[PDB]
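Okay, structure first, notes after.
Residue numbers (the entry's author numbering): 1 to 46.
Below you can see the structure in the form of structure tokens.
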């Protein structure tokens, strides 16, 4: 599951994913994170 720190970061993550880029590369590029669970924390609410 991906969790993003702001709405900007989420929007940038979604563009990064359009060509098929790995989630892990899009995470370091945007500041979003990948967790094994389904419950994003409050500081990664977007």
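Just so you know, even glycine gets a beta-carbon here, dropped at the ideal spot from N, CA and C.
Output the distance between the C-alpha atoms of residue i and residue j, rounded to the nearest integer angstrom.
i: residue 29; j: residue 17; result: 11 Å
i: residue 32; j: residue 41; result: 12 Å
i: residue 7; j: residue 34; result: 16 Å
Take the Cβ of residue i as the centre, count every other Cβ of all protein chains shown within 10 Å, and call the residue buried at 16 or more, exposed below.
i: residue 38; result: exposed
i: residue 9; result: buried
Return the bridge partner residues of residue i from the DSSP annotation.
i: residue 32; result: Per DSSP, none; premise fails for residue 32.
i: residue 3; result: 33
Helix, strand or coil for residue i? Go by DSSP, reduced to three states.
i: residue 26; result: helix
i: residue 45; result: coil
i: residue 40; result: coil
Let me check you understand the geometry: is the CB of residue i closer than 7 Å to at least one non-hydrogen atom of the ligand GDP?
i: residue 19; result: Among the ligands in the structure shown, none appear at all, so the ligand GDP cannot be discussed.
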